[PDB]
$ cat model.txt   # compact mmCIF, C-alpha atoms and all ligand atoms
# COMPACT_ATOMS: atom_id res chain seq x y z
CA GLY A 1 -6.16 58.15 33.91
CA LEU A 2 -2.45 57.07 33.86
CA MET A 3 -3.38 53.30 34.29
CA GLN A 4 -2.55 51.25 31.11
CA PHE A 5 -3.08 47.49 30.75
CA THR A 6 0.18 45.76 29.64
CA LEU A 7 0.35 42.13 28.48
CA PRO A 8 3.33 39.75 28.61
CA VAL A 9 5.76 40.13 25.65
CA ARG A 10 4.51 37.18 23.50
CA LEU A 11 0.88 38.52 23.76
CA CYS A 12 1.92 42.22 23.41
CA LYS A 13 3.47 41.21 19.99
CA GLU A 14 1.09 38.42 18.78
CA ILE A 15 -2.17 40.38 19.66
CA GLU A 16 -1.38 42.80 16.73
CA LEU A 17 -1.55 39.87 14.24
CA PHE A 18 -4.86 38.69 12.68
CA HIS A 19 -4.23 34.99 13.61
CA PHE A 20 -3.82 35.67 17.38
CA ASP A 21 -5.49 33.04 19.65
CA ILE A 22 -6.63 34.60 23.01
CA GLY A 23 -5.62 31.38 24.86
CA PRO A 24 -7.25 29.05 27.43
CA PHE A 25 -6.97 31.43 30.49
CA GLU A 26 -10.55 32.87 30.76
CA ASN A 27 -9.38 35.39 33.42
CA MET A 28 -7.09 37.30 30.98
CA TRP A 29 -9.84 37.87 28.33
CA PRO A 30 -11.27 41.06 30.02
CA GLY A 31 -7.73 42.59 30.25
CA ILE A 32 -7.10 41.65 26.59
CA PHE A 33 -10.34 43.42 25.50
CA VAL A 34 -9.50 46.54 27.60
CA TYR A 35 -5.91 46.51 26.21
CA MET A 36 -7.45 46.54 22.69
CA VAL A 37 -9.94 49.40 23.46
CA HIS A 38 -7.06 51.52 24.97
CA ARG A 39 -4.80 51.11 21.84
CA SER A 40 -7.64 51.21 19.24
CA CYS A 41 -9.65 54.08 20.73
CA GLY A 42 -7.69 55.75 23.59
CA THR A 43 -7.26 55.57 27.42
CA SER A 44 -10.14 58.18 27.68
CA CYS A 45 -12.88 56.58 25.39
CA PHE A 46 -14.50 54.93 28.50
CA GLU A 47 -14.45 55.49 32.31
CA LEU A 48 -12.42 52.33 33.25
CA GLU A 49 -14.73 51.66 36.32
CA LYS A 50 -17.77 51.62 33.92
CA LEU A 51 -16.02 49.59 31.14
CA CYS A 52 -15.00 46.84 33.66
CA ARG A 53 -18.56 46.74 35.09
CA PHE A 54 -19.92 46.48 31.46
CA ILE A 55 -17.38 43.77 30.39
CA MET A 56 -18.30 41.55 33.41
CA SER A 57 -22.11 41.96 32.85
CA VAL A 58 -21.66 41.04 29.14
CA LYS A 59 -19.57 37.98 30.21
CA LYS A 60 -22.37 36.89 32.64
CA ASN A 61 -25.03 37.01 29.83
CA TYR A 62 -23.09 34.67 27.45
CA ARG A 63 -23.99 31.02 28.23
CA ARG A 64 -21.95 27.78 28.60
CA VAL A 65 -22.47 26.52 25.02
CA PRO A 66 -19.64 24.88 23.03
CA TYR A 67 -19.06 27.69 20.47
CA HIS A 68 -21.36 30.79 20.80
CA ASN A 69 -19.70 31.65 24.15
CA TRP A 70 -17.66 34.41 25.90
CA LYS A 71 -14.47 33.13 24.16
CA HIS A 72 -16.21 33.64 20.76
CA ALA A 73 -17.24 37.19 21.77
CA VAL A 74 -13.62 38.21 22.57
CA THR A 75 -12.17 36.37 19.53
CA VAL A 76 -14.57 38.36 17.24
CA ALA A 77 -13.63 41.67 19.04
CA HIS A 78 -9.89 40.92 18.48
CA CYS A 79 -10.37 40.43 14.69
CA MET A 80 -12.25 43.78 14.61
CA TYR A 81 -9.28 45.25 16.62
CA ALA A 82 -6.77 43.93 14.02
CA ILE A 83 -8.85 45.36 11.10
CA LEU A 84 -9.13 48.79 12.82
CA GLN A 85 -5.34 48.95 13.62
CA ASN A 86 -4.32 48.02 10.00
CA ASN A 87 -6.75 50.74 8.60
CA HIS A 88 -5.87 53.57 11.11
CA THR A 89 -7.35 56.56 9.13
CA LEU A 90 -10.49 55.00 7.46
CA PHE A 91 -12.77 55.12 10.61
CA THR A 92 -14.18 57.84 12.94
CA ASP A 93 -13.71 57.92 16.77
CA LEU A 94 -17.43 56.85 17.10
CA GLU A 95 -17.00 53.84 14.75
CA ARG A 96 -13.89 52.52 16.61
CA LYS A 97 -15.77 52.81 20.00
CA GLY A 98 -19.02 51.27 18.60
CA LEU A 99 -17.55 48.32 16.62
CA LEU A 100 -15.38 46.84 19.47
CA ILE A 101 -18.49 46.92 21.73
CA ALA A 102 -20.75 45.53 18.93
CA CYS A 103 -18.34 42.56 18.43
CA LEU A 104 -18.19 41.83 22.22
CA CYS A 105 -22.06 41.91 22.38
CA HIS A 106 -23.00 40.40 18.95
CA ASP A 107 -24.05 36.95 20.37
CA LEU A 108 -25.29 37.89 23.90
CA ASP A 109 -27.57 35.14 25.42
CA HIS A 110 -27.05 32.71 22.48
CA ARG A 111 -28.61 29.29 23.32
CA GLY A 112 -26.60 27.46 20.56
CA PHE A 113 -29.53 27.28 18.06
CA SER A 114 -30.05 28.94 14.60
CA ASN A 115 -32.92 31.37 13.75
CA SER A 116 -34.35 28.39 11.70
CA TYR A 117 -34.64 26.09 14.80
CA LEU A 118 -36.36 28.94 16.81
CA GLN A 119 -38.94 29.22 13.93
CA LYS A 120 -39.62 25.43 13.73
CA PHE A 121 -39.81 25.20 17.58
CA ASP A 122 -42.15 28.26 17.62
CA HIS A 123 -39.90 29.96 20.23
CA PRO A 124 -41.45 33.22 21.57
CA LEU A 125 -38.42 35.22 20.19
CA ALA A 126 -39.63 34.12 16.66
CA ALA A 127 -43.08 35.76 17.30
CA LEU A 128 -41.35 38.96 18.56
CA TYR A 129 -38.78 39.20 15.64
CA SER A 130 -39.79 37.46 12.33
CA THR A 131 -36.31 37.92 10.69
CA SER A 132 -32.75 38.12 12.13
CA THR A 133 -34.39 36.59 15.26
CA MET A 134 -31.33 35.96 17.51
CA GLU A 135 -29.54 39.07 16.15
CA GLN A 136 -32.42 41.41 17.25
CA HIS A 137 -32.35 39.63 20.67
CA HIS A 138 -28.54 40.24 20.93
CA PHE A 139 -29.00 43.99 20.17
CA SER A 140 -31.92 43.97 22.75
CA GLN A 141 -29.68 42.37 25.50
CA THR A 142 -26.90 44.91 24.61
CA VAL A 143 -29.29 47.88 25.18
CA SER A 144 -30.50 46.24 28.49
CA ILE A 145 -26.90 46.02 29.90
CA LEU A 146 -26.12 49.66 28.81
CA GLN A 147 -29.18 50.72 30.95
CA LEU A 148 -28.04 48.93 34.18
CA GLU A 149 -26.94 51.58 36.80
CA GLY A 150 -23.20 52.42 36.36
CA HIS A 151 -22.98 50.44 33.03
CA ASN A 152 -23.47 53.38 30.57
CA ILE A 153 -19.93 53.47 29.04
CA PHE A 154 -21.27 56.02 26.43
CA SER A 155 -22.68 58.56 29.00
CA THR A 156 -19.87 61.15 28.20
CA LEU A 157 -21.08 61.41 24.52
CA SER A 158 -23.46 64.21 23.36
CA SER A 159 -27.12 63.18 22.76
CA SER A 160 -26.66 62.91 18.91
CA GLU A 161 -23.33 60.97 19.20
CA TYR A 162 -25.14 58.57 21.65
CA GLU A 163 -27.83 57.97 18.96
CA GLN A 164 -25.17 57.52 16.18
CA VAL A 165 -23.17 54.92 18.25
CA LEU A 166 -26.29 52.82 19.22
CA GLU A 167 -27.31 52.85 15.49
CA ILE A 168 -23.76 51.73 14.40
CA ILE A 169 -24.01 48.85 16.99
CA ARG A 170 -27.57 47.89 15.88
CA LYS A 171 -26.59 47.57 12.17
CA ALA A 172 -23.26 45.88 13.12
CA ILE A 173 -25.09 43.19 15.19
CA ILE A 174 -27.92 42.69 12.59
CA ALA A 175 -25.19 42.21 9.90
CA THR A 176 -23.94 39.06 11.79
CA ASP A 177 -27.13 37.36 10.42
CA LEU A 178 -25.33 35.28 7.77
CA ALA A 179 -28.61 35.15 5.67
CA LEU A 180 -28.07 38.93 5.10
CA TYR A 181 -24.33 38.46 4.22
CA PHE A 182 -24.78 36.94 0.66
CA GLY A 183 -26.75 39.95 -0.74
CA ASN A 184 -24.60 42.48 1.21
CA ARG A 185 -21.36 41.13 -0.35
CA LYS A 186 -22.92 40.80 -3.91
CA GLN A 187 -23.80 44.55 -3.80
CA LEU A 188 -20.33 45.49 -2.42
CA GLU A 189 -18.89 43.36 -5.31
CA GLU A 190 -20.91 45.34 -7.98
CA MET A 191 -20.04 48.75 -6.40
CA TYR A 192 -16.26 47.98 -6.21
CA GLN A 193 -16.04 46.75 -9.91
CA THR A 194 -18.24 49.52 -11.54
CA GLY A 195 -16.09 51.93 -9.40
CA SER A 196 -19.23 53.40 -7.63
CA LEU A 197 -18.05 52.45 -4.03
CA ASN A 198 -17.82 55.73 -1.97
CA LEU A 199 -16.88 55.46 1.78
CA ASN A 200 -18.37 59.03 2.35
CA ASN A 201 -21.80 57.60 1.32
CA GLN A 202 -23.23 56.50 4.75
CA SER A 203 -25.30 53.68 3.04
CA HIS A 204 -21.94 52.45 1.53
CA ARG A 205 -20.08 52.62 4.93
CA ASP A 206 -22.96 50.60 6.49
CA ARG A 207 -22.46 47.84 3.86
CA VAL A 208 -18.63 47.84 4.37
CA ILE A 209 -19.04 47.77 8.21
CA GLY A 210 -21.49 44.84 7.67
CA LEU A 211 -18.82 42.88 5.72
CA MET A 212 -16.18 43.56 8.44
CA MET A 213 -18.75 42.11 10.98
CA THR A 214 -19.15 38.89 8.87
CA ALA A 215 -15.31 38.73 8.46
CA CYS A 216 -14.73 39.07 12.27
CA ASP A 217 -17.62 36.72 13.12
CA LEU A 218 -16.11 34.01 10.80
CA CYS A 219 -12.46 34.65 11.85
CA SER A 220 -12.09 31.11 13.34
CA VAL A 221 -11.39 29.93 9.69
CA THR A 222 -8.52 32.56 9.48
CA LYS A 223 -6.43 31.03 12.38
CA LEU A 224 -3.49 28.57 12.13
CA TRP A 225 -4.74 25.07 11.14
CA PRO A 226 -4.63 23.60 14.72
CA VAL A 227 -6.86 26.45 16.15
CA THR A 228 -9.25 26.18 13.13
CA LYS A 229 -9.44 22.37 13.30
CA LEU A 230 -10.23 22.33 17.09
CA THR A 231 -12.77 25.23 16.89
CA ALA A 232 -14.62 23.22 14.14
CA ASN A 233 -15.33 20.52 16.85
CA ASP A 234 -17.08 23.22 18.95
CA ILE A 235 -18.99 24.58 15.92
CA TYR A 236 -20.22 21.05 14.95
CA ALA A 237 -21.15 20.15 18.59
CA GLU A 238 -23.77 22.98 18.47
CA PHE A 239 -24.90 21.90 14.92
CA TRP A 240 -25.33 18.22 15.98
CA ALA A 241 -27.23 19.25 19.21
CA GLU A 242 -29.57 21.36 16.97
CA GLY A 243 -29.90 18.35 14.61
CA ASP A 244 -30.85 16.16 17.63
CA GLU A 245 -33.53 18.77 18.56
CA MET A 246 -34.83 18.83 14.94
CA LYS A 247 -35.32 14.98 15.15
CA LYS A 248 -37.27 15.56 18.42
CA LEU A 249 -39.66 17.87 16.45
CA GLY A 250 -40.06 15.03 13.82
CA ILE A 251 -37.87 16.82 11.17
CA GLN A 252 -34.82 15.19 9.48
CA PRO A 253 -32.06 17.83 9.88
CA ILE A 254 -29.84 18.96 6.94
CA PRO A 255 -26.71 16.69 6.79
CA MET A 256 -24.46 19.49 8.30
CA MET A 257 -26.45 19.14 11.60
CA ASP A 258 -26.84 15.28 11.59
CA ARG A 259 -24.25 13.56 13.88
CA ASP A 260 -24.93 10.26 11.98
CA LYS A 261 -23.28 11.97 8.89
CA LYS A 262 -19.85 13.08 10.33
CA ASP A 263 -18.13 11.50 7.24
CA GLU A 264 -19.73 14.34 5.08
CA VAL A 265 -18.13 17.21 7.17
CA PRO A 266 -14.89 17.66 5.14
CA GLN A 267 -16.87 18.11 1.84
CA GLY A 268 -19.28 20.40 3.85
CA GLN A 269 -16.22 22.50 4.95
CA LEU A 270 -15.07 22.84 1.26
CA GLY A 271 -18.64 24.08 0.46
CA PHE A 272 -18.46 26.65 3.31
CA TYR A 273 -14.95 27.99 2.40
CA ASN A 274 -15.96 28.24 -1.32
CA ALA A 275 -19.59 29.56 -0.87
CA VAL A 276 -19.01 31.84 2.21
CA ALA A 277 -15.51 32.40 3.73
CA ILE A 278 -13.26 32.86 0.62
CA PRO A 279 -15.70 35.26 -1.13
CA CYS A 280 -16.09 37.19 2.22
CA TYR A 281 -12.32 37.81 2.76
CA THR A 282 -11.73 38.39 -1.06
CA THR A 283 -14.27 41.30 -1.25
CA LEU A 284 -12.96 42.52 2.19
CA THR A 285 -9.35 42.53 0.78
CA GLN A 286 -10.48 44.45 -2.40
CA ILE A 287 -12.13 47.21 -0.24
CA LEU A 288 -9.49 47.19 2.59
CA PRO A 289 -6.15 46.00 1.18
CA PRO A 290 -4.34 45.61 4.57
CA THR A 291 -6.83 42.77 5.55
CA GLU A 292 -5.10 40.45 2.95
CA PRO A 293 -3.66 38.15 5.69
CA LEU A 294 -7.25 37.02 6.63
CA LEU A 295 -7.71 35.91 2.95
CA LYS A 296 -4.29 34.15 2.87
CA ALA A 297 -5.01 32.37 6.23
CA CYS A 298 -8.45 31.27 4.90
CA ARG A 299 -6.92 29.86 1.67
CA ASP A 300 -4.32 27.92 3.77
CA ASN A 301 -7.20 26.30 5.82
CA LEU A 302 -9.28 25.43 2.72
CA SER A 303 -6.11 23.65 1.50
CA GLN A 304 -5.81 21.81 4.90
CA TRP A 305 -9.47 20.53 4.53
CA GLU A 306 -8.63 19.42 0.92
CA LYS A 307 -5.85 17.24 2.50
CA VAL A 308 -8.36 15.85 5.07
CA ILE A 309 -10.52 14.62 2.09
CA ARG A 310 -7.48 13.02 0.29
CA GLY A 311 -6.63 10.98 3.47
CA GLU A 312 -3.24 12.91 3.74
CA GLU A 313 -4.41 13.62 7.36
CA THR A 314 -7.67 13.21 9.39
CA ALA A 315 -9.67 15.29 11.90
CA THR A 316 -10.22 12.93 14.92
CA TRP A 317 -13.68 14.69 15.44
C1 LIG B 401 -26.78 26.44 11.14
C2 LIG B 401 -26.70 26.72 9.66
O1 LIG B 401 -26.39 28.13 9.56
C3 LIG B 401 -25.01 28.40 9.39
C4 LIG B 401 -24.80 29.86 9.78
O2 LIG B 401 -25.66 30.75 9.60
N1 LIG B 401 -23.52 30.10 10.29
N2 LIG B 401 -22.52 29.25 10.13
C5 LIG B 401 -21.34 29.71 10.46
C6 LIG B 401 -20.13 28.90 10.35
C7 LIG B 401 -18.95 29.40 10.88
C8 LIG B 401 -17.78 28.65 10.77
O3 LIG B 401 -16.57 29.12 11.27
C9 LIG B 401 -16.36 30.49 11.61
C10 LIG B 401 -17.80 27.37 10.13
BR1 LIG B 401 -16.22 26.31 9.97
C11 LIG B 401 -19.03 26.87 9.60
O4 LIG B 401 -18.96 25.61 8.99
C12 LIG B 401 -20.05 25.02 8.29
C13 LIG B 401 -20.19 27.65 9.72
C14 LIG B 401 -24.60 28.17 7.94
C15 LIG B 401 -23.67 27.15 7.65
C16 LIG B 401 -23.28 26.89 6.34
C17 LIG B 401 -23.81 27.67 5.26
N3 LIG B 401 -23.36 27.40 3.91
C18 LIG B 401 -23.81 28.11 2.77
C19 LIG B 401 -23.11 27.57 1.68
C20 LIG B 401 -22.27 26.53 2.25
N4 LIG B 401 -22.43 26.45 3.60
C21 LIG B 401 -24.74 28.71 5.54
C22 LIG B 401 -25.12 28.94 6.86
MG MG B 402 -24.74 35.17 15.85
ZN ZN B 403 -20.90 35.15 16.35

$ encode --input "model.txt" --output "structure tokens" --more "lines below"
Ligand SMILES: CCO[C@H](C(=O)N/N=C/c1cc(OC)c(Br)c(OC)c1)c1ccc(-n2cccn2)cc1
Ligand SMILES: [Mg+2]
Ligand SMILES: [Zn+2]
Amino acid sequence: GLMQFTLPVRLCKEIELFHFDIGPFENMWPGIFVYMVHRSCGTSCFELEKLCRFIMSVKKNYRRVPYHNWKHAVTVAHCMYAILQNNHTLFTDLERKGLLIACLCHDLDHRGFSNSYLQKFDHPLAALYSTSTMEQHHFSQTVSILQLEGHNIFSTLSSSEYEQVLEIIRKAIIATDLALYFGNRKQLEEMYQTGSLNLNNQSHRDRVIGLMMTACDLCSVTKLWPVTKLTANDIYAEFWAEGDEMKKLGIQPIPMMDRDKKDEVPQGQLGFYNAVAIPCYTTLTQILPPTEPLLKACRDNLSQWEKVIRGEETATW
């Protein structure tokens, strides 16, 4: 009840900033997540005994892949924590609870392969869920862990609150399907400009929560250049492994995934910042002004990739 987590001074201060890196010490990541829940939500949101038992079961069900790992899960939760702290009054007690948990669980049991590779492989998960294949699996694994004995961190909620929070988490996790992002942001664009955006319209909140989920999920491109540059190695190690597996099925992979085309990566990063990341943080900034620093950080990193192309520095790779 009276038991707070406290972090060392540099973390206590830097964790409040969007560009915070959670560091290389795996064993502090659970304490960092709990610290965030306590400040974002309250010391009472979750029985600490149950939260800890949930955190460690979630950790166990992330795999040892280069990028879609436990570190990713906690990095995405931190970005969501920063958005929630900089927009104190825009979100209910249920939404704050639900979204930190959704971010921690959004990539549970990721094998390092895209929905597309599951479909071409004819993976059983692609029979069971025709669209948003991995994302439906992630929500499925989340519900599993909530139903382990002593893992129900939501048990203190009323029946109808319990249903609202699992529905917030389901939409939040489905929204991390980047195929769904393009249309979601186009609509949020139209609504903002024609002035029709209304955060009391539940279908509007859903869309806005979806964009936050894409923003948090992509937040590696909003770090200081050296974090962003080294995380790109991890991202491309999964892509190249998937490309190798495509070649094993007798399919030439897209260049992004082909390790014989590393020279094309910098232009491919420009594409990604311009087609995906910049538009994502722009629309997010328009709807939630205090998230501007994510857009500014993203612009800085696009500009660092422009320099990689012009030979004014190189990624070792
Ligand atoms: C496997 C292919 O699927 C990718 C996906 O769904 N997620 N990709 C996340 C992602 C995160 C990153 O950092 C947070 C970075 Br860097 C990064 O670099 C390329 C990628 C995908 C990649 C590129 C595009 N694209 C559309 C216009 C242009 N590109 C669309 C989808
Ligand atoms: Mg995912
Ligand atoms: Zn993710």

$ residues_around --input "model.txt" --residues "residue A:96" --least-positions-apart "3" --cutoff "8 Å" --atoms "all atoms listed in the file" --output "NGL selection string"
:A and (40-41 or 84 or 91-93 or 99-100)

$ write_last_selection --input "model.txt" --atoms "C-alpha atoms" --output "PDB file, in the frame of the given file"
ATOM      1  CA  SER A  40      -7.640  51.210  19.240  1.00  0.00           C
ATOM      2  CA  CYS A  41      -9.650  54.080  20.730  1.00  0.00           C
ATOM      3  CA  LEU A  84      -9.130  48.790  12.820  1.00  0.00           C
ATOM      4  CA  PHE A  91     -12.770  55.120  10.610  1.00  0.00           C
ATOM      5  CA  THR A  92     -14.180  57.840  12.940  1.00  0.00           C
ATOM      6  CA  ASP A  93     -13.710  57.920  16.770  1.00  0.00           C
ATOM      7  CA  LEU A  99     -17.550  48.320  16.620  1.00  0.00           C
ATOM      8  CA  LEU A 100     -15.380  46.840  19.470  1.00  0.00           C
TER       9      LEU A 100
END

$ closest_residue --input "model.txt" --among "A:175, A:103, A:65, A:77" --to "residue A:136" --atoms "all atoms listed in the file"
A:175

$ axis_aligned_box --input "model.txt" --around "ligand LIG 401 (chain B)" --padding-each-side "6 Å" --output "JSON"
{"center_x": -21.5, "center_y": 27.9, "center_z": 6.6, "size_x": 22.6, "size_y": 17.7, "size_z": 21.9}

$ closest_atom_pairs --input "model.txt" --of "chain A" --to "ligand ZN 403 (chain B)" --cutoff "8 Å" --atoms "all atoms listed in the file" --output "tab-separated table"
residue	atom	partner	partner_atom	distance
A:68	CA	B:ZN403	ZN	6.2
A:72	CA	B:ZN403	ZN	6.6
A:73	CA	B:ZN403	ZN	6.9
A:76	CA	B:ZN403	ZN	7.2
A:106	CA	B:ZN403	ZN	6.2
A:107	CA	B:ZN403	ZN	5.4
A:176	CA	B:ZN403	ZN	6.7
A:217	CA	B:ZN403	ZN	4.9
A:218	CA	B:ZN403	ZN	7.4

$ closest_residue --input "model.txt" --among "A:213, A:127, A:48, A:275" --to "ligand MG 402 (chain B)" --atoms "all atoms listed in the file"
A:213

$ residues_near_point --input "model.txt" --point "(-23.0, 12.4, 13.5)" --cutoff "12 Å" --atoms "all atoms listed in the file" --output "list in words"
residues 233, 236, 237, 238, 239, 240, 241, 242, 243, 244, 253, 254, 255, 256, 257, 258, 259, 260, 261, 262, 263, 264, 265 and 317 of chain A

$ residues_around --input "model.txt" --residues "stretch 153-170 of chain A" --least-positions-apart "5" --cutoff "7 Å" --atoms "all atoms listed in the file" --output "list in words"
residues 46, 47, 50, 51, 94, 98, 99, 102 and 139 of chain A

$ write_last_selection --input "model.txt" --atoms "C-alpha atoms" --output "compact mmCIF listing (two decimals), keeping the file's coordinate frame"
# COMPACT_ATOMS: atom_id res chain seq x y z
CA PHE A 46 -14.50 54.93 28.50
CA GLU A 47 -14.45 55.49 32.31
CA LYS A 50 -17.77 51.62 33.92
CA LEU A 51 -16.02 49.59 31.14
CA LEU A 94 -17.43 56.85 17.10
CA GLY A 98 -19.02 51.27 18.60
CA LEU A 99 -17.55 48.32 16.62
CA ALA A 102 -20.75 45.53 18.93
CA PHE A 139 -29.00 43.99 20.17

$ closest_residue --input "model.txt" --among "A:179, A:79, A:146, A:287" --to "residue A:204" --atoms "only C-alpha atoms"
A:287

$ closest_residue --input "model.txt" --among "A:278, A:118, A:191, A:7" --to "residue A:299" --atoms "only C-alpha atoms"
A:278

$ closest_residue --input "model.txt" --among "A:197, A:216, A:22, A:56" --to "ligand LIG 401 (chain B)" --atoms "all atoms listed in the file"
A:216

$ atom_distance --input "model.txt" --atom1 "atom CA of residue A:249" --atom2 "atom CA of residue A:117"
9.8 Å

$ closest_residue --input "model.txt" --among "A:143, A:80, A:36, A:173" --to "ligand MG 402 (chain B)" --atoms "all atoms listed in the file"
A:173

$ build_atoms --input "model.txt" --residues "stretch 42-55 of chain A" --atoms "N, CA and C atoms" --output "mmCIF file, in the frame of the given file"
data_model
loop_
_atom_site.group_PDB
_atom_site.id
_atom_site.type_symbol
_atom_site.label_atom_id
_atom_site.label_comp_id
_atom_site.auth_asym_id
_atom_site.auth_seq_id
_atom_site.Cartn_x
_atom_site.Cartn_y
_atom_site.Cartn_z
ATOM 1 N N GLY A 42 -8.402 54.852 22.665
ATOM 2 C CA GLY A 42 -7.690 55.750 23.590
ATOM 3 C C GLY A 42 -7.921 55.326 25.027
ATOM 4 N N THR A 43 -7.144 55.865 25.964
ATOM 5 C CA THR A 43 -7.260 55.570 27.420
ATOM 6 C C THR A 43 -8.444 56.336 28.045
ATOM 7 N N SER A 44 -9.098 57.205 27.265
ATOM 8 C CA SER A 44 -10.140 58.180 27.680
ATOM 9 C C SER A 44 -11.532 57.841 27.113
ATOM 10 N N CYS A 45 -11.616 57.011 26.057
ATOM 11 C CA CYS A 45 -12.880 56.580 25.390
ATOM 12 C C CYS A 45 -13.937 56.229 26.440
ATOM 13 N N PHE A 46 -13.557 55.526 27.515
ATOM 14 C CA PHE A 46 -14.500 54.930 28.500
ATOM 15 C C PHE A 46 -13.950 55.098 29.916
ATOM 16 N N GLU A 47 -14.775 55.570 30.857
ATOM 17 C CA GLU A 47 -14.450 55.490 32.310
ATOM 18 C C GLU A 47 -14.148 54.006 32.606
ATOM 19 N N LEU A 48 -12.907 53.707 32.990
ATOM 20 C CA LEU A 48 -12.420 52.330 33.250
ATOM 21 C C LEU A 48 -13.337 51.585 34.236
ATOM 22 N N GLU A 49 -13.789 52.228 35.315
ATOM 23 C CA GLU A 49 -14.730 51.660 36.320
ATOM 24 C C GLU A 49 -15.995 51.155 35.595
ATOM 25 N N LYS A 50 -16.530 51.953 34.665
ATOM 26 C CA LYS A 50 -17.770 51.620 33.920
ATOM 27 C C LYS A 50 -17.488 50.508 32.901
ATOM 28 N N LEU A 51 -16.374 50.599 32.177
ATOM 29 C CA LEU A 51 -16.020 49.590 31.140
ATOM 30 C C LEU A 51 -15.954 48.211 31.806
ATOM 31 N N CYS A 52 -15.170 48.089 32.878
ATOM 32 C CA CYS A 52 -15.000 46.840 33.660
ATOM 33 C C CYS A 52 -16.378 46.322 34.073
ATOM 34 N N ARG A 53 -17.234 47.190 34.610
ATOM 35 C CA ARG A 53 -18.560 46.740 35.090
ATOM 36 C C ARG A 53 -19.390 46.278 33.880
ATOM 37 N N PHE A 54 -19.219 46.889 32.709
ATOM 38 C CA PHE A 54 -19.920 46.480 31.460
ATOM 39 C C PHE A 54 -19.370 45.135 30.955
ATOM 40 N N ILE A 55 -18.047 45.009 30.870
ATOM 41 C CA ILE A 55 -17.380 43.770 30.390
ATOM 42 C C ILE A 55 -17.907 42.572 31.202
#
